[PDB]
Every structure is written in C-alpha cells, then in structure tokens.
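Visitor: final-v6.pdb is reproduced below (PDB, N, CA and C atoms).
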ATOM      1  N   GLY A   1     -13.777 -80.424 -36.159  1.00  0.00           N
ATOM      2  CA  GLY A   1     -14.643 -80.970 -35.130  1.00  0.00           C
ATOM      3  C   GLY A   1     -15.381 -82.210 -35.592  1.00  0.00           C
ATOM      4  N   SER A   2     -16.658 -82.047 -35.925  1.00  0.00           N
ATOM      5  CA  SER A   2     -17.479 -83.164 -36.379  1.00  0.00           C
ATOM      6  C   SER A   2     -18.395 -82.736 -37.521  1.00  0.00           C
ATOM      7  N   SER A   3     -18.338 -83.473 -38.625  1.00  0.00           N
ATOM      8  CA  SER A   3     -19.159 -83.170 -39.791  1.00  0.00           C
ATOM      9  C   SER A   3     -20.458 -83.969 -39.763  1.00  0.00           C
ATOM     10  N   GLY A   4     -21.565 -83.298 -40.067  1.00  0.00           N
ATOM     11  CA  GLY A   4     -22.856 -83.960 -40.073  1.00  0.00           C
ATOM     12  C   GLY A   4     -23.766 -83.466 -38.965  1.00  0.00           C
ATOM     13  N   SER A   5     -24.041 -82.165 -38.964  1.00  0.00           N
ATOM     14  CA  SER A   5     -24.898 -81.567 -37.947  1.00  0.00           C
ATOM     15  C   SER A   5     -25.834 -80.533 -38.567  1.00  0.00           C
ATOM     16  N   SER A   6     -27.130 -80.696 -38.324  1.00  0.00           N
ATOM     17  CA  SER A   6     -28.131 -79.781 -38.860  1.00  0.00           C
ATOM     18  C   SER A   6     -28.120 -78.458 -38.099  1.00  0.00           C
ATOM     19  N   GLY A   7     -28.407 -77.372 -38.809  1.00  0.00           N
ATOM     20  CA  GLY A   7     -28.426 -76.062 -38.185  1.00  0.00           C
ATOM     21  C   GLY A   7     -27.916 -74.972 -39.107  1.00  0.00           C
ATOM     22  N   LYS A   8     -27.981 -73.728 -38.645  1.00  0.00           N
ATOM     23  CA  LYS A   8     -27.523 -72.593 -39.435  1.00  0.00           C
ATOM     24  C   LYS A   8     -27.211 -71.397 -38.541  1.00  0.00           C
ATOM     25  N   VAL A   9     -25.993 -70.877 -38.657  1.00  0.00           N
ATOM     26  CA  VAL A   9     -25.572 -69.732 -37.861  1.00  0.00           C
ATOM     27  C   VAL A   9     -25.294 -68.520 -38.744  1.00  0.00           C
ATOM     28  N   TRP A  10     -25.657 -67.341 -38.253  1.00  0.00           N
ATOM     29  CA  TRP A  10     -25.446 -66.105 -38.998  1.00  0.00           C
ATOM     30  C   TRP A  10     -24.116 -65.462 -38.621  1.00  0.00           C
ATOM     31  N   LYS A  11     -23.645 -64.548 -39.462  1.00  0.00           N
ATOM     32  CA  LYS A  11     -22.385 -63.858 -39.217  1.00  0.00           C
ATOM     33  C   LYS A  11     -22.370 -62.493 -39.899  1.00  0.00           C
ATOM     34  N   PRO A  12     -21.561 -61.570 -39.360  1.00  0.00           N
ATOM     35  CA  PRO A  12     -21.434 -60.214 -39.903  1.00  0.00           C
ATOM     36  C   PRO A  12     -20.722 -60.193 -41.251  1.00  0.00           C
ATOM     37  N   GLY A  13     -21.502 -60.106 -42.326  1.00  0.00           N
ATOM     38  CA  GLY A  13     -20.928 -60.079 -43.658  1.00  0.00           C
ATOM     39  C   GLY A  13     -21.512 -61.144 -44.564  1.00  0.00           C
ATOM     40  N   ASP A  14     -22.778 -61.479 -44.339  1.00  0.00           N
ATOM     41  CA  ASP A  14     -23.455 -62.491 -45.142  1.00  0.00           C
ATOM     42  C   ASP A  14     -24.818 -61.993 -45.608  1.00  0.00           C
ATOM     43  N   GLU A  15     -25.069 -62.101 -46.910  1.00  0.00           N
ATOM     44  CA  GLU A  15     -26.335 -61.659 -47.483  1.00  0.00           C
ATOM     45  C   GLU A  15     -27.467 -62.607 -47.099  1.00  0.00           C
ATOM     46  N   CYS A  16     -28.538 -62.048 -46.547  1.00  0.00           N
ATOM     47  CA  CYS A  16     -29.689 -62.844 -46.133  1.00  0.00           C
ATOM     48  C   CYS A  16     -30.988 -62.077 -46.353  1.00  0.00           C
ATOM     49  N   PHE A  17     -32.111 -62.762 -46.173  1.00  0.00           N
ATOM     50  CA  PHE A  17     -33.420 -62.146 -46.354  1.00  0.00           C
ATOM     51  C   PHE A  17     -34.079 -61.861 -45.008  1.00  0.00           C
ATOM     52  N   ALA A  18     -34.361 -60.588 -44.751  1.00  0.00           N
ATOM     53  CA  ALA A  18     -34.993 -60.183 -43.501  1.00  0.00           C
ATOM     54  C   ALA A  18     -36.397 -59.641 -43.745  1.00  0.00           C
ATOM     55  N   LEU A  19     -37.314 -59.954 -42.836  1.00  0.00           N
ATOM     56  CA  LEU A  19     -38.694 -59.498 -42.954  1.00  0.00           C
ATOM     57  C   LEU A  19     -38.829 -58.047 -42.504  1.00  0.00           C
ATOM     58  N   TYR A  20     -39.188 -57.174 -43.440  1.00  0.00           N
ATOM     59  CA  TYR A  20     -39.352 -55.757 -43.140  1.00  0.00           C
ATOM     60  C   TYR A  20     -40.266 -55.557 -41.935  1.00  0.00           C
ATOM     61  N   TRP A  21     -40.084 -54.438 -41.243  1.00  0.00           N
ATOM     62  CA  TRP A  21     -40.892 -54.126 -40.069  1.00  0.00           C
ATOM     63  C   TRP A  21     -42.116 -53.302 -40.455  1.00  0.00           C
ATOM     64  N   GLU A  22     -42.196 -52.929 -41.729  1.00  0.00           N
ATOM     65  CA  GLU A  22     -43.315 -52.138 -42.224  1.00  0.00           C
ATOM     66  C   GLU A  22     -44.018 -52.850 -43.377  1.00  0.00           C
ATOM     67  N   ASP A  23     -43.368 -53.878 -43.913  1.00  0.00           N
ATOM     68  CA  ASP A  23     -43.929 -54.643 -45.019  1.00  0.00           C
ATOM     69  C   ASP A  23     -44.094 -56.111 -44.637  1.00  0.00           C
ATOM     70  N   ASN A  24     -43.368 -56.533 -43.607  1.00  0.00           N
ATOM     71  CA  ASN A  24     -43.433 -57.914 -43.142  1.00  0.00           C
ATOM     72  C   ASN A  24     -43.199 -58.887 -44.293  1.00  0.00           C
ATOM     73  N   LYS A  25     -42.461 -58.436 -45.302  1.00  0.00           N
ATOM     74  CA  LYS A  25     -42.162 -59.266 -46.462  1.00  0.00           C
ATOM     75  C   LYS A  25     -40.672 -59.585 -46.533  1.00  0.00           C
ATOM     76  N   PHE A  26     -40.348 -60.772 -47.036  1.00  0.00           N
ATOM     77  CA  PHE A  26     -38.959 -61.199 -47.157  1.00  0.00           C
ATOM     78  C   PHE A  26     -38.234 -60.389 -48.228  1.00  0.00           C
ATOM     79  N   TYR A  27     -37.233 -59.625 -47.806  1.00  0.00           N
ATOM     80  CA  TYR A  27     -36.460 -58.799 -48.726  1.00  0.00           C
ATOM     81  C   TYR A  27     -34.964 -59.029 -48.539  1.00  0.00           C
ATOM     82  N   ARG A  28     -34.206 -58.854 -49.617  1.00  0.00           N
ATOM     83  CA  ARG A  28     -32.760 -59.042 -49.573  1.00  0.00           C
ATOM     84  C   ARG A  28     -32.132 -58.173 -48.487  1.00  0.00           C
ATOM     85  N   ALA A  29     -31.014 -58.638 -47.938  1.00  0.00           N
ATOM     86  CA  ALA A  29     -30.315 -57.905 -46.891  1.00  0.00           C
ATOM     87  C   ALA A  29     -28.956 -58.530 -46.595  1.00  0.00           C
ATOM     88  N   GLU A  30     -28.261 -57.985 -45.602  1.00  0.00           N
ATOM     89  CA  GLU A  30     -26.947 -58.491 -45.222  1.00  0.00           C
ATOM     90  C   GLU A  30     -26.722 -58.343 -43.719  1.00  0.00           C
ATOM     91  N   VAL A  31     -26.400 -59.454 -43.064  1.00  0.00           N
ATOM     92  CA  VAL A  31     -26.157 -59.450 -41.626  1.00  0.00           C
ATOM     93  C   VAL A  31     -25.095 -58.422 -41.251  1.00  0.00           C
ATOM     94  N   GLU A  32     -25.542 -57.269 -40.764  1.00  0.00           N
ATOM     95  CA  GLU A  32     -24.629 -56.204 -40.368  1.00  0.00           C
ATOM     96  C   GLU A  32     -23.887 -56.572 -39.086  1.00  0.00           C
ATOM     97  N   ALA A  33     -24.639 -56.978 -38.069  1.00  0.00           N
ATOM     98  CA  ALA A  33     -24.055 -57.359 -36.790  1.00  0.00           C
ATOM     99  C   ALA A  33     -25.075 -58.074 -35.910  1.00  0.00           C
ATOM    100  N   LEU A  34     -24.655 -59.177 -35.301  1.00  0.00           N
ATOM    101  CA  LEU A  34     -25.532 -59.954 -34.433  1.00  0.00           C
ATOM    102  C   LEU A  34     -25.642 -59.311 -33.054  1.00  0.00           C
ATOM    103  N   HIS A  35     -26.570 -59.813 -32.245  1.00  0.00           N
ATOM    104  CA  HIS A  35     -26.775 -59.290 -30.899  1.00  0.00           C
ATOM    105  C   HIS A  35     -26.193 -60.236 -29.854  1.00  0.00           C
ATOM    106  N   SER A  36     -25.379 -59.691 -28.956  1.00  0.00           N
ATOM    107  CA  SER A  36     -24.753 -60.488 -27.906  1.00  0.00           C
ATOM    108  C   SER A  36     -25.741 -61.498 -27.330  1.00  0.00           C
ATOM    109  N   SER A  37     -26.900 -61.007 -26.906  1.00  0.00           N
ATOM    110  CA  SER A  37     -27.929 -61.865 -26.330  1.00  0.00           C
ATOM    111  C   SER A  37     -28.122 -63.122 -27.173  1.00  0.00           C
ATOM    112  N   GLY A  38     -28.440 -62.929 -28.449  1.00  0.00           N
ATOM    113  CA  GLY A  38     -28.647 -64.055 -29.341  1.00  0.00           C
ATOM    114  C   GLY A  38     -30.097 -64.214 -29.749  1.00  0.00           C
ATOM    115  N   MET A  39     -30.746 -63.098 -30.065  1.00  0.00           N
ATOM    116  CA  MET A  39     -32.147 -63.117 -30.473  1.00  0.00           C
ATOM    117  C   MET A  39     -32.357 -62.288 -31.735  1.00  0.00           C
ATOM    118  N   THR A  40     -31.977 -61.015 -31.672  1.00  0.00           N
ATOM    119  CA  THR A  40     -32.125 -60.115 -32.808  1.00  0.00           C
ATOM    120  C   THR A  40     -30.769 -59.738 -33.391  1.00  0.00           C
ATOM    121  N   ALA A  41     -30.780 -59.217 -34.615  1.00  0.00           N
ATOM    122  CA  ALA A  41     -29.550 -58.813 -35.283  1.00  0.00           C
ATOM    123  C   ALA A  41     -29.805 -57.664 -36.254  1.00  0.00           C
ATOM    124  N   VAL A  42     -28.795 -56.823 -36.447  1.00  0.00           N
ATOM    125  CA  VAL A  42     -28.910 -55.684 -37.350  1.00  0.00           C
ATOM    126  C   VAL A  42     -28.587 -56.085 -38.785  1.00  0.00           C
ATOM    127  N   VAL A  43     -29.599 -56.051 -39.646  1.00  0.00           N
ATOM    128  CA  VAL A  43     -29.422 -56.409 -41.048  1.00  0.00           C
ATOM    129  C   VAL A  43     -29.679 -55.213 -41.958  1.00  0.00           C
ATOM    130  N   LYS A  44     -28.826 -55.047 -42.963  1.00  0.00           N
ATOM    131  CA  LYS A  44     -28.959 -53.944 -43.906  1.00  0.00           C
ATOM    132  C   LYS A  44     -29.792 -54.360 -45.115  1.00  0.00           C
ATOM    133  N   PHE A  45     -30.831 -53.585 -45.406  1.00  0.00           N
ATOM    134  CA  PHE A  45     -31.707 -53.872 -46.536  1.00  0.00           C
ATOM    135  C   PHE A  45     -31.155 -53.261 -47.821  1.00  0.00           C
ATOM    136  N   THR A  46     -31.028 -54.086 -48.856  1.00  0.00           N
ATOM    137  CA  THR A  46     -30.512 -53.628 -50.139  1.00  0.00           C
ATOM    138  C   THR A  46     -31.481 -52.659 -50.808  1.00  0.00           C
ATOM    139  N   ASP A  47     -32.774 -52.902 -50.624  1.00  0.00           N
ATOM    140  CA  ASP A  47     -33.802 -52.048 -51.208  1.00  0.00           C
ATOM    141  C   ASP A  47     -33.345 -50.593 -51.244  1.00  0.00           C
ATOM    142  N   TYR A  48     -32.804 -50.120 -50.127  1.00  0.00           N
ATOM    143  CA  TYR A  48     -32.329 -48.745 -50.030  1.00  0.00           C
ATOM    144  C   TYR A  48     -30.937 -48.692 -49.409  1.00  0.00           C
ATOM    145  N   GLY A  49     -30.715 -49.525 -48.397  1.00  0.00           N
ATOM    146  CA  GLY A  49     -29.425 -49.559 -47.732  1.00  0.00           C
ATOM    147  C   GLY A  49     -29.494 -49.052 -46.305  1.00  0.00           C
ATOM    148  N   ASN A  50     -30.608 -49.330 -45.635  1.00  0.00           N
ATOM    149  CA  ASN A  50     -30.797 -48.896 -44.255  1.00  0.00           C
ATOM    150  C   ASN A  50     -30.804 -50.090 -43.306  1.00  0.00           C
ATOM    151  N   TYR A  51     -30.333 -49.869 -42.083  1.00  0.00           N
ATOM    152  CA  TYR A  51     -30.283 -50.927 -41.081  1.00  0.00           C
ATOM    153  C   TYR A  51     -31.632 -51.083 -40.386  1.00  0.00           C
ATOM    154  N   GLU A  52     -31.955 -52.315 -40.004  1.00  0.00           N
ATOM    155  CA  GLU A  52     -33.216 -52.599 -39.330  1.00  0.00           C
ATOM    156  C   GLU A  52     -33.056 -53.750 -38.340  1.00  0.00           C
ATOM    157  N   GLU A  53     -33.620 -53.581 -37.148  1.00  0.00           N
ATOM    158  CA  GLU A  53     -33.539 -54.605 -36.112  1.00  0.00           C
ATOM    159  C   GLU A  53     -34.567 -55.706 -36.356  1.00  0.00           C
ATOM    160  N   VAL A  54     -34.089 -56.868 -36.792  1.00  0.00           N
ATOM    161  CA  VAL A  54     -34.964 -58.002 -37.062  1.00  0.00           C
ATOM    162  C   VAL A  54     -34.487 -59.252 -36.331  1.00  0.00           C
ATOM    163  N   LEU A  55     -35.433 -60.099 -35.940  1.00  0.00           N
ATOM    164  CA  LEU A  55     -35.110 -61.332 -35.232  1.00  0.00           C
ATOM    165  C   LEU A  55     -34.386 -62.314 -36.149  1.00  0.00           C
ATOM    166  N   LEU A  56     -33.542 -63.153 -35.560  1.00  0.00           N
ATOM    167  CA  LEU A  56     -32.789 -64.142 -36.324  1.00  0.00           C
ATOM    168  C   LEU A  56     -33.709 -65.241 -36.847  1.00  0.00           C
ATOM    169  N   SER A  57     -34.817 -65.461 -36.148  1.00  0.00           N
ATOM    170  CA  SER A  57     -35.779 -66.484 -36.541  1.00  0.00           C
ATOM    171  C   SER A  57     -36.609 -66.020 -37.735  1.00  0.00           C
ATOM    172  N   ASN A  58     -36.394 -64.775 -38.148  1.00  0.00           N
ATOM    173  CA  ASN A  58     -37.121 -64.209 -39.278  1.00  0.00           C
ATOM    174  C   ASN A  58     -36.180 -63.925 -40.444  1.00  0.00           C
ATOM    175  N   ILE A  59     -35.082 -64.672 -40.505  1.00  0.00           N
ATOM    176  CA  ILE A  59     -34.101 -64.501 -41.571  1.00  0.00           C
ATOM    177  C   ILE A  59     -33.870 -65.809 -42.319  1.00  0.00           C
ATOM    178  N   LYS A  60     -33.659 -65.706 -43.627  1.00  0.00           N
ATOM    179  CA  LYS A  60     -33.421 -66.881 -44.458  1.00  0.00           C
ATOM    180  C   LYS A  60     -32.111 -66.746 -45.228  1.00  0.00           C
ATOM    181  N   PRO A  61     -31.387 -67.866 -45.366  1.00  0.00           N
ATOM    182  CA  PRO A  61     -30.107 -67.899 -46.081  1.00  0.00           C
ATOM    183  C   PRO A  61     -30.278 -67.709 -47.584  1.00  0.00           C
ATOM    184  N   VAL A  62     -29.501 -66.791 -48.151  1.00  0.00           N
ATOM    185  CA  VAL A  62     -29.565 -66.514 -49.581  1.00  0.00           C
ATOM    186  C   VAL A  62     -28.781 -67.551 -50.379  1.00  0.00           C
ATOM    187  N   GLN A  63     -29.394 -68.058 -51.443  1.00  0.00           N
ATOM    188  CA  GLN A  63     -28.753 -69.057 -52.289  1.00  0.00           C
ATOM    189  C   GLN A  63     -27.507 -68.485 -52.958  1.00  0.00           C
ATOM    190  N   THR A  64     -26.594 -69.369 -53.351  1.00  0.00           N
ATOM    191  CA  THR A  64     -25.358 -68.952 -54.001  1.00  0.00           C
ATOM    192  C   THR A  64     -25.421 -69.191 -55.506  1.00  0.00           C
ATOM    193  N   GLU A  65     -24.605 -68.453 -56.252  1.00  0.00           N
ATOM    194  CA  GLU A  65     -24.569 -68.587 -57.704  1.00  0.00           C
ATOM    195  C   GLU A  65     -23.896 -69.893 -58.114  1.00  0.00           C
ATOM    196  N   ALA A  66     -24.677 -70.968 -58.150  1.00  0.00           N
ATOM    197  CA  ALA A  66     -24.157 -72.276 -58.527  1.00  0.00           C
ATOM    198  C   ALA A  66     -24.299 -72.512 -60.027  1.00  0.00           C
ATOM    199  N   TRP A  67     -24.008 -71.481 -60.812  1.00  0.00           N
ATOM    200  CA  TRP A  67     -24.104 -71.577 -62.265  1.00  0.00           C
ATOM    201  C   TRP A  67     -23.273 -72.742 -62.790  1.00  0.00           C
ATOM    202  N   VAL A  68     -23.693 -73.302 -63.920  1.00  0.00           N
ATOM    203  CA  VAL A  68     -22.986 -74.423 -64.527  1.00  0.00           C
ATOM    204  C   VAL A  68     -22.860 -74.241 -66.036  1.00  0.00           C
ATOM    205  N   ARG A  69     -21.631 -74.318 -66.535  1.00  0.00           N
ATOM    206  CA  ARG A  69     -21.373 -74.161 -67.961  1.00  0.00           C
ATOM    207  C   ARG A  69     -21.388 -75.513 -68.668  1.00  0.00           C
ATOM    208  N   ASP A  70     -21.764 -75.505 -69.942  1.00  0.00           N
ATOM    209  CA  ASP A  70     -21.820 -76.729 -70.732  1.00  0.00           C
ATOM    210  C   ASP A  70     -22.115 -76.420 -72.196  1.00  0.00           C
ATOM    211  N   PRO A  71     -21.458 -77.161 -73.102  1.00  0.00           N
ATOM    212  CA  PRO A  71     -21.632 -76.982 -74.546  1.00  0.00           C
ATOM    213  C   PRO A  71     -23.007 -77.439 -75.025  1.00  0.00           C
ATOM    214  N   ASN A  72     -23.755 -78.083 -74.134  1.00  0.00           N
ATOM    215  CA  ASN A  72     -25.088 -78.572 -74.466  1.00  0.00           C
ATOM    216  C   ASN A  72     -26.155 -77.559 -74.059  1.00  0.00           C
ATOM    217  N   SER A  73     -26.728 -76.881 -75.048  1.00  0.00           N
ATOM    218  CA  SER A  73     -27.759 -75.882 -74.793  1.00  0.00           C
ATOM    219  C   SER A  73     -28.875 -76.463 -73.930  1.00  0.00           C
ATOM    220  N   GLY A  74     -29.168 -75.789 -72.821  1.00  0.00           N
ATOM    221  CA  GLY A  74     -30.212 -76.252 -71.925  1.00  0.00           C
ATOM    222  C   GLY A  74     -31.593 -75.814 -72.371  1.00  0.00           C
ATOM    223  N   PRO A  75     -32.057 -74.674 -71.836  1.00  0.00           N
ATOM    224  CA  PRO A  75     -33.374 -74.124 -72.168  1.00  0.00           C
ATOM    225  C   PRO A  75     -33.439 -73.595 -73.598  1.00  0.00           C
ATOM    226  N   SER A  76     -34.567 -73.830 -74.260  1.00  0.00           N
ATOM    227  CA  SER A  76     -34.753 -73.380 -75.634  1.00  0.00           C
ATOM    228  C   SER A  76     -36.115 -72.713 -75.807  1.00  0.00           C
ATOM    229  N   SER A  77     -36.296 -72.035 -76.936  1.00  0.00           N
ATOM    230  CA  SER A  77     -37.550 -71.348 -77.223  1.00  0.00           C
ATOM    231  C   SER A  77     -38.731 -72.306 -77.111  1.00  0.00           C
ATOM    232  N   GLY A  78     -39.789 -71.855 -76.443  1.00  0.00           N
ATOM    233  CA  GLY A  78     -40.969 -72.684 -76.276  1.00  0.00           C
ATOM    234  C   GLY A  78     -41.823 -72.736 -77.527  1.00  0.00           C
TER     235      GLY A  78
END
Please express the file's structure as structure tokens.
Guide:
Amino acid sequence: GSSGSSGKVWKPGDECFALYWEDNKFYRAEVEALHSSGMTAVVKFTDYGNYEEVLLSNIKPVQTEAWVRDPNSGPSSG
C-alpha cells in the first residue's frame, strides 16, 4: 500500500501491557482477542495467566529484543 503512516493496531497474538482493573497499573499481557466494535479487547495477564477486559486506549506496545553483539565490551564495573 503506502509506507509512512503514524498509528498502531493490535492483533490476537501480540504481547502488550494492559492496565489492571484492580491495580490500574501497567502489567505485561498478550492480546487474546479484539472486540468487533473496536473499543475493548481481551488481554491475558502474564502475572498469573487470566483474561481481563481492558480498553485498547489503555494498552502499550511491548519492546522487542533488539540485542546487539560485539567484541567491544560495553558496560563495565563502576
């Protein structure tokens, strides 16, 4: 299509951070299934592994393991 568009869409099978309904804190999770309507979605919390209905506007994309190897030692003893 066209490259160069701001935005972010969720999908069933992506790890994300959802705000607990009892802690209201950002915790790890995974988009279990979105809602036809397009407002809330079922996300599974890793903390225990239970599903919770949270809004899409209350979810954040989890960073990826962009590790980098190199023969040059980076961090050292302080």
Visitor: Counting all atoms listed in the file, select every polymer residue within 6.5 Å of (-24.4, -57.9, -40.1) as defined in the file's coordinates, and provide the selection as a PyMOL selection string.
Guide: chain A and resi 11-14+30-34+42-44
Visitor: Can you translate the PyMOL selection byres (((chain A and resi 27 and name CA) around 10) and name CA) into the concrete residues it hits in this file, as an mmCIF file with N, CA and C atoms, in the frame of the given file?
Guide:
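File produced: part.cif:
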data_model
loop_
_atom_site.group_PDB
_atom_site.id
_atom_site.type_symbol
_atom_site.label_atom_id
_atom_site.label_comp_id
_atom_site.auth_asym_id
_atom_site.auth_seq_id
_atom_site.Cartn_x
_atom_site.Cartn_y
_atom_site.Cartn_z
ATOM 1 N N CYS A 16 -28.538 -62.048 -46.547
ATOM 2 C CA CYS A 16 -29.689 -62.844 -46.133
ATOM 3 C C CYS A 16 -30.988 -62.077 -46.353
ATOM 4 N N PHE A 17 -32.111 -62.762 -46.173
ATOM 5 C CA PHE A 17 -33.420 -62.146 -46.354
ATOM 6 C C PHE A 17 -34.079 -61.861 -45.008
ATOM 7 N N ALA A 18 -34.361 -60.588 -44.751
ATOM 8 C CA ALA A 18 -34.993 -60.183 -43.501
ATOM 9 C C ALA A 18 -36.397 -59.641 -43.745
ATOM 10 N N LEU A 19 -37.314 -59.954 -42.836
ATOM 11 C CA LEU A 19 -38.694 -59.498 -42.954
ATOM 12 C C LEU A 19 -38.829 -58.047 -42.504
ATOM 13 N N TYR A 20 -39.188 -57.174 -43.440
ATOM 14 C CA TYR A 20 -39.352 -55.757 -43.140
ATOM 15 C C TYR A 20 -40.266 -55.557 -41.935
ATOM 16 N N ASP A 23 -43.368 -53.878 -43.913
ATOM 17 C CA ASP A 23 -43.929 -54.643 -45.019
ATOM 18 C C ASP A 23 -44.094 -56.111 -44.637
ATOM 19 N N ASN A 24 -43.368 -56.533 -43.607
ATOM 20 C CA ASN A 24 -43.433 -57.914 -43.142
ATOM 21 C C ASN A 24 -43.199 -58.887 -44.293
ATOM 22 N N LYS A 25 -42.461 -58.436 -45.302
ATOM 23 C CA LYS A 25 -42.162 -59.266 -46.462
ATOM 24 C C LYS A 25 -40.672 -59.585 -46.533
ATOM 25 N N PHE A 26 -40.348 -60.772 -47.036
ATOM 26 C CA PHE A 26 -38.959 -61.199 -47.157
ATOM 27 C C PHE A 26 -38.234 -60.389 -48.228
ATOM 28 N N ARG A 28 -34.206 -58.854 -49.617
ATOM 29 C CA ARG A 28 -32.760 -59.042 -49.573
ATOM 30 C C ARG A 28 -32.132 -58.173 -48.487
ATOM 31 N N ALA A 29 -31.014 -58.638 -47.938
ATOM 32 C CA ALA A 29 -30.315 -57.905 -46.891
ATOM 33 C C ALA A 29 -28.956 -58.530 -46.595
ATOM 34 N N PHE A 45 -30.831 -53.585 -45.406
ATOM 35 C CA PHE A 45 -31.707 -53.872 -46.536
ATOM 36 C C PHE A 45 -31.155 -53.261 -47.821
ATOM 37 N N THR A 46 -31.028 -54.086 -48.856
ATOM 38 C CA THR A 46 -30.512 -53.628 -50.139
ATOM 39 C C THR A 46 -31.481 -52.659 -50.808
ATOM 40 N N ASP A 47 -32.774 -52.902 -50.624
ATOM 41 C CA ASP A 47 -33.802 -52.048 -51.208
ATOM 42 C C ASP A 47 -33.345 -50.593 -51.244
ATOM 43 N N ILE A 59 -35.082 -64.672 -40.505
ATOM 44 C CA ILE A 59 -34.101 -64.501 -41.571
ATOM 45 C C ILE A 59 -33.870 -65.809 -42.319
ATOM 46 N N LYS A 60 -33.659 -65.706 -43.627
ATOM 47 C CA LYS A 60 -33.421 -66.881 -44.458
ATOM 48 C C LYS A 60 -32.111 -66.746 -45.228
#
Visitor: Mind checking which residues fall within 7 Å of residue 55 of chain A, counting only C-alpha atoms, ignoring those fewer than 5 positions away in the same chain, and posting them as a PyMOL selection string?
Guide: chain A and resi 39-41
Visitor: Could you tell me how far atom CA of residue 9 of chain A lies from atom CA of residue 67 of chain A, in Å and to one decimal?
Guide: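 About the pair atom CA of residue 9 of chain A and atom CA of residue 67 of chain A: they are 24.5 Å apart.
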Visitor: May I ask for the distance between atom CA of residue 50 of chain A and atom CA of residue 35 of chain A, given in Å to one decimal place?
Guide: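 These atoms are spaced 17.4 Å apart.
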Visitor: Restricting the calculation to all atoms listed in the file, which member of A:70, A:56, A:62, A:3 is positioned closest to residue 38 of chain A?
Guide: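 Counting all atoms listed in the file, the residue closest to residue 38 of chain A is A:56.
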Visitor: What is the distance, in Å and to one decimal place, between atom CA of residue 2 of chain A and atom CA of residue 64 of chain A?
Guide: 24.0 Å
Visitor: Produce the centre coordinates and the three edge lengths, each in Å to one decimal, of the box along x, y and z that contains all listed atoms of segment 57-73 of chain A with 5 Å added on each side, as JSON.
Guide:
{"center_x": -29.2, "center_y": -71.2, "center_z": -55.6, "size_x": 25.7, "size_y": 24.6, "size_z": 48.9}
Visitor: If you run DSSP on the backbone here, which positions in chain A get strand (DSSP E or B)? Please write them as a list in words.
Guide: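 Filtering chain A down to strand (DSSP E or B) leaves residues 15, 16, 17, 18, 19, 26, 27, 28, 29, 30, 31, 32, 33, 34, 40, 41, 42, 43, 44, 45, 50, 51, 52, 53, 54, 55, 59, 60 and 61 of chain A.
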Visitor: Set the distance at 8 Å and use only N, CA and C atoms: which residues neighbour residue 21 of chain A once local chain neighbours fewer than 4 positions away are removed? I'd like the list as a PDB file with N, CA and C atoms, keeping the file's coordinate frame.
Guide:
ATOM      1  N   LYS A  25     -42.461 -58.436 -45.302  1.00  0.00           N
ATOM      2  CA  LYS A  25     -42.162 -59.266 -46.462  1.00  0.00           C
ATOM      3  C   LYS A  25     -40.672 -59.585 -46.533  1.00  0.00           C
ATOM      4  N   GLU A  52     -31.955 -52.315 -40.004  1.00  0.00           N
ATOM      5  CA  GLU A  52     -33.216 -52.599 -39.330  1.00  0.00           C
ATOM      6  C   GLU A  52     -33.056 -53.750 -38.340  1.00  0.00           C
ATOM      7  N   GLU A  53     -33.620 -53.581 -37.148  1.00  0.00           N
ATOM      8  CA  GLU A  53     -33.539 -54.605 -36.112  1.00  0.00           C
ATOM      9  C   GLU A  53     -34.567 -55.706 -36.356  1.00  0.00           C
ATOM     10  N   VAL A  54     -34.089 -56.868 -36.792  1.00  0.00           N
ATOM     11  CA  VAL A  54     -34.964 -58.002 -37.062  1.00  0.00           C
ATOM     12  C   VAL A  54     -34.487 -59.252 -36.331  1.00  0.00           C
TER      13      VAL A  54
END
